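In the form deposited without 1H-indazole (LZ1), a lone chain appears below as structure tokens.
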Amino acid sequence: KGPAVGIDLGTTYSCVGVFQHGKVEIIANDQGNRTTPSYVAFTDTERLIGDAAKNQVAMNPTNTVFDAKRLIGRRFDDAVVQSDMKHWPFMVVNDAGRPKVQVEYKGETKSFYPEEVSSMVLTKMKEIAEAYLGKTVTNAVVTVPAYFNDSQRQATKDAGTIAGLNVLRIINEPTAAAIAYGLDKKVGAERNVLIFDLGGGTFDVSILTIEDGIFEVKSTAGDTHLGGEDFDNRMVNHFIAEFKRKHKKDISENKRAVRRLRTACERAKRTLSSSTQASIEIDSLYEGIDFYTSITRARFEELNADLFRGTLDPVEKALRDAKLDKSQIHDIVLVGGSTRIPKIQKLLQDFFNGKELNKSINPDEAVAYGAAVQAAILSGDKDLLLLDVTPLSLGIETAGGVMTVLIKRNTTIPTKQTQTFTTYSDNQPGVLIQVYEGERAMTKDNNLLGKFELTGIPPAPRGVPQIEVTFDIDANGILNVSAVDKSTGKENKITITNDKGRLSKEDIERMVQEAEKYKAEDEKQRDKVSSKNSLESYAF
């Protein structure tokens, strides 16, 4: 017993997926949370990973480590690690060339490498997988950003193994996501694909090229500190405007009141991706005063006009660096929760000229999705549950008012069926295809759904001409009925304007039974006529 999980080790929250039942299941933690925070917090008693840690930050800020992803496998005196050492309210020492974080575990001093912090995060992700899955978990595919270099990309695979994982393969965040939507499985040609990864605080455009499901990483653009949390800020600011104005009091000095106004704006923000208005109502914000206001979406998009539109920039700088024009990107993929902002999509879609955006899969966890698919493929993959089918026998009318079925009831959908018919009289010009639904043998007890004509058959003797009706249903249940003349190639069809709305399984079962109660005289009615063939636009 021993399955293959896929893990997204992200900067602030890691996700873990497993591929079971045709689709990826994303595992929740023992607190209900699908994503788990990348925080380890050392204290006296013991250490704390994930939510436990992030809960007690601000009561241990100088001991609750985070963003270890921002320095895994790198040099202390690094270009970017220098800028970084700034915020982290924890110590960042040097142990001969490399970075190492330093803490109070059990009261005094100890210091752990990045790969060690990151590794004890995976341990929890491991644990979380193990809980849900029943057996133990060893094989994992762990992800990293396209722009990682072999050293940090390696230290990541170390975190893995230090955590007892057998890191089957390290893979790109952008390529994991393209995997999830299974573009590396779309018909030939060479494919260009743009991932548009907008987190809560990192942004990342990446352009990949795929032939035969092999992932060639063309170019990466982005922005280190851009996402959700930023659009929040605009709102917070904007509302302190409003509160200070409408109340003369200014809250800016209140580490709690600013927090509560923040929580509220993020909620409103999320609301504004679905609604066009939102509302903020904090009971007793400052000095006992109540803040209740609204905010419109256009007002929201306005506070971030500069920020949103600016996401188009790493697009042009990735489109360029990768020597490609905007119309050479075949697929676009939204990843990260900020990509839910209608306006950000609105901007991205128009930029690419109305092209559609891949975003079915919760962006929150598209990457972990892709990784969980991989760990499958890399482990041998580790009946069908549900099948779409047809409610009622479909067919056309034949000489007599008979019903000749083309598609038996309860046929497995995406289906194509074809039966050759002939003409009823001689020198017959054209046929009248009448499509019927129903389980009776006489089209007079069935339901007309539509009709069209094939005209201009070479006049010939009653029985020669080879008319060739086909019923086609796509996955959606759209029905095209088409007649083609074998002789000439003349062809007409119709796409049945559906109607579905509706009959319920009971209805069908009562229809099915009526047709069983009449089998006798229904059968002995087309068992006295003899011919399967259509009449010259002689309806009835």
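Heads up: residue numbers just count along the shown sequence, starting at 1.
Here the subject shifts to the form deposited with 1H-indazole (LZ1) bound, a form of this protein not shown in this document.
Using a 2.4 Å cut-off against backbone and C-beta atoms, 1H-indazole (LZ1), superposed onto this form from its pose in the entry with it bound, places no atom that close, and the site is open. Contact with 1H-indazole (LZ1) in the entry with it bound, judged as any non-hydrogen atom within 4.5 angstroms, is confined among 254-262, 384-392, 149-157, 310-318 to 384-392. Interface membership of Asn498, defined by any non-hydrogen atom within 4.5 Å of 1H-indazole (LZ1) in the entry with it bound, is confirmed. Contact between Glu437 and 1H-indazole (LZ1) in the entry with it bound is found at the 4.5 Å heavy atom cutoff.
For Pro61, no non-hydrogen atom is located within 4.5 Å of 1H-indazole (LZ1) in the entry with it bound, even though that partner is not displayed.
1H-indazole (LZ1) in the entry with it bound comes within 4.5 Å of a heavy atom belonging to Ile473.
Checked against 1H-indazole (LZ1) in the entry with it bound, the residues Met511, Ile49, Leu479, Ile27 give one hit for a heavy atom within 4.5 Å, which is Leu479.
Distance criterion of 4.5 Å from any heavy atom to 1H-indazole (LZ1) in the entry with it bound singles out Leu449 from the list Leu168, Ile295, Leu449, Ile433.
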